[PDB]
Amino acid sequence: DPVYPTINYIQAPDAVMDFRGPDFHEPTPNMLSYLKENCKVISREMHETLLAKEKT
Amino acid sequence: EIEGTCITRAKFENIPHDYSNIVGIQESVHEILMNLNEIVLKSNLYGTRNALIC
Amino acid sequence: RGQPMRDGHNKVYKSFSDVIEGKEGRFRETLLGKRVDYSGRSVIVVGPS
Amino acid sequence: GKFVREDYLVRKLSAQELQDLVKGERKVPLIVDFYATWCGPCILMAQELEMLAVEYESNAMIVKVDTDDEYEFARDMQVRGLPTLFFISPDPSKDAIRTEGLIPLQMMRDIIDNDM
Amino acid sequence: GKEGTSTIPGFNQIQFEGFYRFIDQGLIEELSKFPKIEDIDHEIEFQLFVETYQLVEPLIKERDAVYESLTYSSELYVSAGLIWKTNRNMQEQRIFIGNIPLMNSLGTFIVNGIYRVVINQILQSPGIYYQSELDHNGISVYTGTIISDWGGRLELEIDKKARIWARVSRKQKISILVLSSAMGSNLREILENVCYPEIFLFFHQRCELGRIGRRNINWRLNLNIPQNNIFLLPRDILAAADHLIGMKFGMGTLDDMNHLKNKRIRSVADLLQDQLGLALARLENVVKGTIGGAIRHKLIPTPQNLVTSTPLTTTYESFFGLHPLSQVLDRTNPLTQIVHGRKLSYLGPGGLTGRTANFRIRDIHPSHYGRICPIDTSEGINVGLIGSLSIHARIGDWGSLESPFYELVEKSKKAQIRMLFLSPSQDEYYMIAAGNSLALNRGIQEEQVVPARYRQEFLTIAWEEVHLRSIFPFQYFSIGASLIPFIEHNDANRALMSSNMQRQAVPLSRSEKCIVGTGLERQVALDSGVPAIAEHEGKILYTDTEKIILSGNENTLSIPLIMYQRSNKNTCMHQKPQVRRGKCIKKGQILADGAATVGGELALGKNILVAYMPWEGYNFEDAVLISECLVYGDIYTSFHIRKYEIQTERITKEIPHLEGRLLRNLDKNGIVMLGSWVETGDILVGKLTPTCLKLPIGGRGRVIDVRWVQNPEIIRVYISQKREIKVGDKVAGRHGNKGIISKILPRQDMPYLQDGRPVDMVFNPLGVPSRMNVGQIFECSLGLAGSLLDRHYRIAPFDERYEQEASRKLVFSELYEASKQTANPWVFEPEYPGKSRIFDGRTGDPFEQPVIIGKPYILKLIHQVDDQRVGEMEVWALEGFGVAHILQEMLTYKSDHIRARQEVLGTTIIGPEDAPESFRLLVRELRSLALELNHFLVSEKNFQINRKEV
Amino acid sequence: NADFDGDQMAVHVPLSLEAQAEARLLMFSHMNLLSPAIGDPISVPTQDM
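Residues numbered from 1 in each chain as written, not as in the entry; some residues may be left out. Chains lettered and ligands numbered in written order. Part of a larger assembly, values for the part shown. Heavy atoms only, no water.

- Header annotation of the entry names cryo-EM as the structure determination method and lists the resolution as 3.00 Å.

Set out below in structure tokens:
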């Protein structure tokens, strides 16, 4: 038998490949949600409200 | 050298093409054709015959 | 030229000497070879028979 | 986050943060996980709680306690090994049920509804 | 922070991290460089309040932006100040500078509705570089060169005790004996404070070293100047000659320009920041032009009136559309979308193009290990000038490539994280070992020897002297080479081409996971964005062919699916849901998988029965013999969508003097019917200009979608082709075993196994010994075992580190398991493992020599989907045969020769003497140079000279 | 050197009767079997042949 167990290689030939496993990086955030979260980009609602303030 | 019988062509009514989607059906039209292509039929006679899934 | 002329985009002008000197010049490519008609290009396969 | 969903739903609590949670009124079954980052099996266990937390969005509160931070607290809680959970019933008169080892996810949900 | 320390880093992180840096830091940095606006002094003063800059989310979604052919971009708003000193009143307004393009998480921008990526460029780092130089006679002159962020070339060479040349250019040959004061420096006050002075006895173009240059100039010259200062100092120039003299005496060593420590990597962050600087440089000219017009007309304009969106939007559109690095995203398959964003371009603006392409840059350097894949040469514009990043490679702070290593801390604290990202500069000074710790003796393990790298040199050292370990399997390879199972059994050059072929694989109609893989297909599918990934957790409320409904945290999301969408390479992108109703989903898990992806794994091919035997010459060389089972079974059937678009002139339902052979499918406006079959030559859009759209040759099939845009109208029509496999298609494995299909045989005459199943494809066994790729031999046998045992293998490369013949031990053991559980003794033959006696499908008698069989993973390539001149050498060959009339025929009416070709049709329909147009054109060109080229024919009969008119 | 990992050939049809004559009588494979370099055969069986 191999010293390295084959069970490490074995994978069922029907697997949804869970992307939250220990071997996967963190889920990639949507680019226009990481910027919004870090307040780098203001939402359009903020834009129109601020633009409406100077309409006076 | 052994003849078999199976569906050769299917005719819908209200779809534009075999790659569209029918409202109320969980499968695409192309999925339906592959499903039809998979069914097994037996017949000792030759010739083209009609069938209905109405 | 000691100061070869260049366009607004700093492109060195292609003189009449250049149009007959290099491969793109009308001396080698145009004469030694042609875009011969009656030509067909397609993938080839083995005809062992 | 408001725009990016948090990747993990199982909230880590201190020994004290767990105490007032038990002392306070809970309307849903409480699942307490004891784990350590260095613990091998706890990697497989931690994924199931996240999956379980999705099943029980608000019908059951799942929290985890790191035994590195609260080693003395886990010892008082009669914790003998690392992959250990505690299902705390919302009813104070009921008895908390402790499970040890990589229990199947099917058992976990069975305990939530049958015994809580 | 510990992104690549433990797991494989996201393949698009470099694109992802760069853009966030540009948004976080690259904006204010350029905005702070925007100066004040004023002519001399008048009732005008314009400035931008950098601290008040804001970005607004785009109104249009990504799908809308591509559908409308717009640019998915954010709007930049900065408060601007204006004062009219005659009134001495301050006017304030929040102006709109322009639009900054936004990339998605996958690392791709869309500009004018096309997906564009910004590849990475590698440039020489700014600093001092001591390199020897030889001349026409040989001088061995040591030369010191200073490089700036502008690619400065301030060379400083020593002609022994004679002058020290400081030529800025080739014609600027100038000494430094009188350039002691030079810019603003002084006379011999500090020149004599170091070594001996007996030897002594522009403003902004290349004058600053930048942040990177200051570090490097201090690193080599050991200068105390703080890194905060950017501008060059005469002390640095003074110290340049100080270390230059030491090289003459033998102290120190010459710099290696190919070392990665001397290179800097600029990503999309660097390029987008530069284009922003150019936009502001063009923006300050616009306001200066505006104030001149405003003063000339004497009107009171708001701060918005002094600016326009043109300087910001136009430069980016010009950048994405013209800059060589900004390439159109390759969407042939999920692999191509990912590997495209991780390319290194040695050439480019300011790079080393094909002219300045000395083959040293085309060579593997020891600093490339773990940062640039040695295998992935990726011959594009030129060989070795377009590289790719290693899987675990990361961009350092100082534009450097960092590769993680495991630090062997010796009782030095808890060591916290033992994974260290090492820049190429510090890589050379560590004893890095890649061997294992599975060797024991009568002594201790610490004294066991192990091969290691030190000072760009391989050596065998004991384990106690080793500083670092390379533990990651996919450490030194790119994504393309990391998808090859048993790669260590293939020659490196074949693995180079294997990565190229996997970028040509076609997504099939129904994809299928590979039985034998490497375990990297999971990350490739995950990062490609082709599968649908839940950005929120919860249950699945409703799923169908068109959309998936997901509910979690009392919030519901309607995820749309992609069904029959054309890619940039005419390939169908179809997403199929993989979540049933009521199932709970964690954030980041898969919901639906796109084309060429099955169950969250990259699936570019199929598993088929294969025999490696010669078959009557139909598999001669790289020819492949296939069975009809692959054809009628739709195993390699792929969908291809072609977009036909015409820009406008009236679109008519029917054009006169035409029949129903073409106008049959035209509609009331003139477009085809959505869902009507069309052949070559049929009219698609009937237009009339004061111009039509016919289906070209090869194009055929069913019309799927039609778009009316409308301002000239734009009509786009999409046709789907059910392109099944056929003779002349390219099939290839993952081990560089390419193959053309020459024959298609019925299943009853293909060779068949001892269980009666005929093989699906027959390969030439002669390919393996010449090409030396034994990995396909291992994959073939293991694929057969996996299909019988109902298993899938994911094998990290270099499994022989555990034991000798580890792959052989793995494959033979699994073959025997398949031979035992399924009771098929032919699967594992003790006499010849991996091989079996197969029978001729025609005569039914066995082939005496056993044949290796199995189920390798075979891809279908794109050449038959994506797609004359006689050269100068063919003239030489024709002359060698002496076929003068044939040679003349090439350079005559069967060419650009109007007079002869006019009637050559008609002579061959019913049954020279002039110079060809090429010669006549040649005369005019020489005639334009005041040269008269005359062709005379002096007669041989009466010596009558006649001038052949040309 | 027609490898079968991918190759496309350009085919030209002689038109004049003189060209068709020398194509059949000078360039056919049955009359060019010896390489002029040294006088050795070129259509020697190779590979699985």
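**Some details on the overall build of chain D**
- Looking only at helices and strands, one finds 4 helices and 5 strands in chain D.
- Radius of gyration (C-alpha) of chain D: 14 Å, near the 13 Å computed for a compact globule of 116 residues.
- In chain D, which comprises 116 residues, the proportion classed as buried is 47%.
- Summarising the internal contacts of chain D: among those between residues at least 6 apart in sequence, 71% fall at separations of at least 24. (Helix = DSSP H or I, 4+ residues; strand = E, 2+ residues; numbered from the N terminus. Rg over C-alpha atoms; globule rule 2.2 N^0.38 Å. Buried < 20%, exposed > 50% of the residue type's maximum accessible area, 1.4 Å probe, protein only. Contact = heavy atoms within 4.5 Å.)

**Regarding the interface of chain C and chain E**
- With 23 residues of chain C at the contact, the number on the chain E side is 34 residues.
- Counting the surface chain C buries against chain E, the share from its top three residues, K34(C), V36(C) and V46(C), is 24%.
- Our count for the chain C to chain E interface comes out at 2 salt bridges.
- The closest approach of N and O atoms between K34(C) and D896(E), which form a salt bridge, is 3.5 Å.
- At the junction of chain C with chain E, the criterion picks out 8 residue pairs in polar contact.
- Among the residues making up the side of chain C that touches chain E, the classes are represented as 13 nonpolar, 4 polar and 6 charged. (Buried area = accessible area lost by both parts, 1.4 Å probe. Salt bridge = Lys/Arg side-chain N within 4 Å of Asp/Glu carboxyl O. Polar contact = N/O pair within 3.5 Å; in protein donor to acceptor, adjacent residues only side chain to side chain. Nonpolar A, V, L, I, M, F, W, Y, C, P; charged D, E, K, R; others polar.)

**What to know about the environment of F19(E)**
- With respect to the helices and strands, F19(E) occurs in helix α1 (residues 13–32).
- Here the alpha-carbon distance between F19(E) and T143(E), two residues 124 residues apart in the chain, equals 38 Å.
- Among all residues touching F19(E), those that are not within four sequence positions of it are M31(A), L35(A), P101(E), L102(E), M103(E), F109(E), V268(E) and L272(E).

**Considerations on the sheet that holds strand β8 (residues 120–124) of chain E**
Residues and elements named next belong to chain E.
- Within the open sheet, the 4 strands sit side by side as β13-β8-β15-β16. Their pairing is mixed. Both outer strands of the open sheet, β13 (263–266) and β16 (386–388), are each paired with one neighbouring strand and no more. Taken pair by pair, the neighbouring strands of this sheet meet at an average axis angle of 35°, ignoring direction.
- Examined bridge by bridge, β8 and β13 share 4 bridges and lie antiparallel to one another. Across the sheet, residue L123 finds its bridge partner in β13, namely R264. (Pairing = 2+ DSSP bridges. Axes fitted to C-alpha atoms, helices over the stretch in contact; angles between N-to-C directions.)

**Section: the environment of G599(E)**
- On the secondary structure map, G599(E) appears in the loop between β34 (597–598) and β35 (601–602).
- Residue class for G599(E) comes out buried when judged on its relative accessible area of 5%.
- Separated by 74 residues in the primary sequence, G599(E) and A525(E) place their C-alpha atoms 9.2 Å from one another.
- Leave out the neighbours within four places in its chain, and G599(E) touches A15(A), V16(A), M17(A), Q578(E), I590(E) and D593(E).

**A look at the interface of chain E and chain A**
- Facing 53 residues of chain E, the contacting portion of chain A comprises 39 residues.
- Of the roughly 4300 Å² buried between chain E and chain A on both sides combined, carbon and sulfur atoms contribute 60%.
- The interface formed by chain E and chain A includes 3 salt bridges.
- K36(A) is the salt-bridge partner of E57(E), the closest N and O atoms lying 2.5 Å from each other.
- Elements with a minimum of two residues in the side of chain E that touches chain A: α1, β3 (54–56), β4 (73–84), α10 (521–528), β50 (792–794) and α15 (806–821) of chain E.
- A total of 5 residues in the side of chain E that touches chain A trace back to one element, the largest contributor, which is α1(E).
- Note that strand β1 (residues 10–11) of chain A and β50(E) share 2 bridges and pair antiparallel. If you follow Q11(A) over to β50(E), its bridge partner there is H792(E).

**Description of the sheet that holds strand β28 (residues 555–560) of chain E**
- Ordered in space as β28-β27-β26-β32 (chain E), the 4 strands form an open sheet in which the pairing is antiparallel. The open sheet has two free edges, formed respectively by β28 and β32 (584–585) of chain E, since each of these has just one partner strand.

**Considerations on helix α20 (residues 917–928) of chain E**
Residue and element names in this part refer to chain E.
- Spanning 12 residues, α20 covers 16 Å between terminal C-alpha atoms, matching the ideal 16 Å at 1.5 Å per step.
- For α20, the complete set of buried residues consists of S918, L922, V923, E925 and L926. Projection of α20 onto a plane perpendicular to its axis shows the buried side chains occupying an angular sector of 165°, all on one side.
- After α20 finishes, the residue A930 shows a positive phi value of roughly 60°. (Expected span 1.5 Å × (residues − 1). Arc of directions from axis to C-beta.)

**Things to note about helix α4 (residues 234–249) of chain E**
Residue and element names in this part refer to chain E.
- With 16 residues, α4 extends 24 Å between its outermost C-alpha atoms, agreeing within 8% with the 22 Å of an ideal straight helix rising 1.5 Å per residue.
- For α4, the full list of buried residues reads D236, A239, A240, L244, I245, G246 and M247.
- Turning to α4, the residues buried within the fold contact β9 (128–133), β10 (141–146), β11 (154–158) and α3 (210–221).
- Of the residues flanking the end of α4, it is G250, one or two places downstream, whose phi is positive at about 100°.

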